[PDB]
Amino acid sequence: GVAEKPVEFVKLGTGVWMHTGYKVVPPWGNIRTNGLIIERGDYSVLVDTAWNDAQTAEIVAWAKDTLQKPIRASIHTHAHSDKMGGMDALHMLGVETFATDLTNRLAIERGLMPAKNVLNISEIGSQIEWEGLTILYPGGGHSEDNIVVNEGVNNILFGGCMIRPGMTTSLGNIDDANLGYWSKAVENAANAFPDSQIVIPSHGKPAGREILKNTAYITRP
Ligand SMILES: [Zn+2]
Ligand SMILES: [Zn+2]
């Protein structure tokens with residue numbers, strides 16, 4: 001198969017960095033997965049692992065060594081291996097991990113390791129403030145447990161796998177999707193965070209609010 005592309009880091013805003021890792025999925029090629037590192041003074045917090053422990057350890061080392069703001073804690077945006085494939089690395093590297101109770105239960109069922117701490121959002125529309133970020137459960141979409149994360153200083157909305165890349169018509173991995181609610185969940189996220197000017201999908205490049213509108217259109221019933 002083709003070589004797996006290396007992990008990448010790019011600055012999205014003041015104190016906000018995108019991590020990207022790659023996986024070769026036969027019989028095709030590399031697929032990216034994106035998460036964030038967010039600076040919090042003298043430490044940082046992480047949104048999502050990469051695909052596996054080795055990529056995730058590289059991300060932790062980058063925060064410690066380049067930002068000099070080591071990762072203290074992390075949040076995971078649903079129970080799939082692009083988001084939770086590196087949990088064992090986080091736990092060994094002393095990162096305190098958080099996910100919803102539903103995500104943790106699905107992780108165990110799906111062969112992934114659960115996070116150490118529960119985020120108490122479980123009803124549609126529930127929000128909490130966590131390490132300066134707003135975390136919203138908008139309802140099931142790409143996965144029943146999918147959550148989104150807003151960084152209100154730079155106005156960056158992390159949509160994760162609930163937001164599809166660019167102007168795609170492909171729905172990606174829908175094995176666990178709530179096809180009936182997905183478009184409404186995208187609308188819920190868009191309405192909850194109207195000021196965010198940058199939107200990050202897991203599997204494509206950073207964009208504007210047009211990827212919210214495009215995802216909502218392509219996943220509509
Ligand atoms: Zn997924
Ligand atoms: Zn994904």
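Quick note: the coordinates plus some simple rules give every number you see, no bench work behind them. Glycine gets a Cβ as well: all are built from the backbone with ideal geometry, and neighbour counts include every protein chain shown.
Taking 0.36 nm per residue of separation and subtracting the Cα-Cα distance, full extension of the segment from residue 65 to residue 217 would add 50.5 nm.
Taking a sphere under 12 Å around the Cβ of residue 158 and counting the other residues whose Cβ falls inside, with K and R at +1 and D and E at -1, yields a net charge of -1.
Could you tell me the center-to-center distance, by alpha carbons, between segment 28-85 and segment 177-208 in angstrom? Using only Cα atoms to place each centre, the spacing works out to 20 Å.
Direction-averaged projected area, Cα convex hull, the chain: 11.0 nm², rounded to one decimal. Of 84, 55, 31, whose Cα points farthest to the positive end of the dipole of segment 1-111 (charges on the beta-carbon: +1 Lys, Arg; -1 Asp, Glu; origin at the Cα centre)? Result: 31.
Listed by chain and number, the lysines placed with their C-alpha closer than 19 angstrom to that of residue 69 are 11; residues fewer than eight positions away on the same chain are left out. Think of each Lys and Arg Cβ as +1 and each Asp and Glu Cβ as -1; about the Cα centre, that makes the dipole of the chain roughly 480 debye.
Going from the fewest other Cβ atoms within 10 Å to the most, the residues 82, 101, 42 appear in the order 42, 101, 82. Secondary-structure-derived ellipticity at 222 nm for the chain, considering helices only, amounts to -6000 deg cm²/dmol, per-run term -39500 (n - 2.57) for DSSP H runs with n ≥ 4. With the convex hull drawn over the C-alpha atoms of segment 93-182, the volume per residue is 130 Å³. Mean-square fluctuations from a GNM of the chain, with a 10 angstrom spring cutoff on Cα atoms, peak among 123, 144, 58 at 123.
Maximal additional length on extending the residue 109-residue 42 stretch stands at 20.5 nm, based on 0.36 nm per residue less the C-alpha distance.
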